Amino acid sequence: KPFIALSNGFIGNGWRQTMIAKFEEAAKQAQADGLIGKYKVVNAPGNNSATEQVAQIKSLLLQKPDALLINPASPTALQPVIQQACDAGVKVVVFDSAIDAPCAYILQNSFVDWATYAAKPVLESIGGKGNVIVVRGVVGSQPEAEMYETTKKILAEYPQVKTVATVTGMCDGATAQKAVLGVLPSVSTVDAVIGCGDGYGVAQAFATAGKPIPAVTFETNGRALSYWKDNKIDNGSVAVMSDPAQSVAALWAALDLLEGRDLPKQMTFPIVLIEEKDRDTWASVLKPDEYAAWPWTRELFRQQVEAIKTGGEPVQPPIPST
């Protein structure tokens, strides 16, 4: 039975921890079901560092995986080892990123849509004027770079909005908290903070400074959703992120690849946008540290692939009630 290896370029935020947890739960079940024989997760430590991930992938290849799932630390640094994996007969699914690795299959989300849903409604909620802080995501990664360009583009459409600081948050609340706290004493009143699923941490910085909580971009986790409700935050705050369960979809892709099935080289799967009407539904199911994730079954995966191939309607997976 196949050996599925997963190499993850950054583990220092809760989204990535949910992404691993969902993969490991799905893999464990696949193993019990006799669909796979073995699975392994390896995380590169540090602030999204490609050099150690490349080394880790080479150590994984020595164990002869049948498929390798990769969340890449860099848009470019993994290309040679990806080709090395393919040359050794390994099926390679790059997920939660789009990179120019010709032998790999790409399974991503629309980072552009995410960045737009995080920035545009937030700027509208402050009347297209005022002061904002930009908190960047997983700097060094391809999705972060794409989203930052998108955020700047949207900001350019609102001339009366001033960026009073840019910092790096790594889509991690505590990291964002620390970086924002660092600049608050030096800046004018802040109307919004456009970040990467870090709004709970951003909010704590403002609370520590005794300043009113701006419009923020929350984590799609249980704790942020509850904070949003319990303080009845009604100030333009939003909750949108990519799907951590891209890892589970990548598992199903790998297994289909391993039995000779054809997949598109590029696949766009859906992000997780939590509009007001969906908050309580998600909050009912998510543990505090658990990020919202689509429950991909092998069948739901195949449906989405069929929609992609045929250009049909994106599958809108169901919010789990359990």
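All residue numbers refer to positions in the sequence shown, first residue = 1.
Problem - 8-16 versus 307-315 - greater average Cα B-factor per the deposited record - result: Per the PDB record, 307-315.
Problem - 230-238 versus 97-105 - which carries the larger mean C-alpha B factor in the record - result: Mean C-alpha B-factor is greater for 230-238.
Problem - Options 267, 254, 285, 293 - largest CA temperature factor per the record - result: Comparing C-alpha B-factors across 267, 254, 285, 293, the maximum falls on 285.
Problem - Third of the chain, ranked by Cα B-factor, where residue 61 sits - result: Tercile = middle for this residue's CA B-factor.
Practice task
Tell me, lowest, middle or highest third: where does the Cα B factor of residue 130 rank within its chain?
Solution key: Middle third - that is where residue 130 ends up once the chain's C-alpha B-factors are sorted.
Problem - Third of the chain's Cα B-factor distribution that residue 41 belongs to, per the entry - result: For residue 41, whose C-alpha B-factor we compare with every modelled residue in the chain, the answer is the middle third.
Exercise for the section: Ordered by C-alpha B-factor within the chain, which third holds residue 166? Give me lowest, middle or highest, please. Expected result: Within its chain, residue 166 is a lowest-third residue by C-alpha B-factor, going by the deposited values.
Practice task
Going by the recorded CA B-factors, say which third of the chain residue 84 sits in, lowest, middle or highest.
Solution key: According to the entry, residue 84 has a C-alpha B-factor in the chain's middle third.
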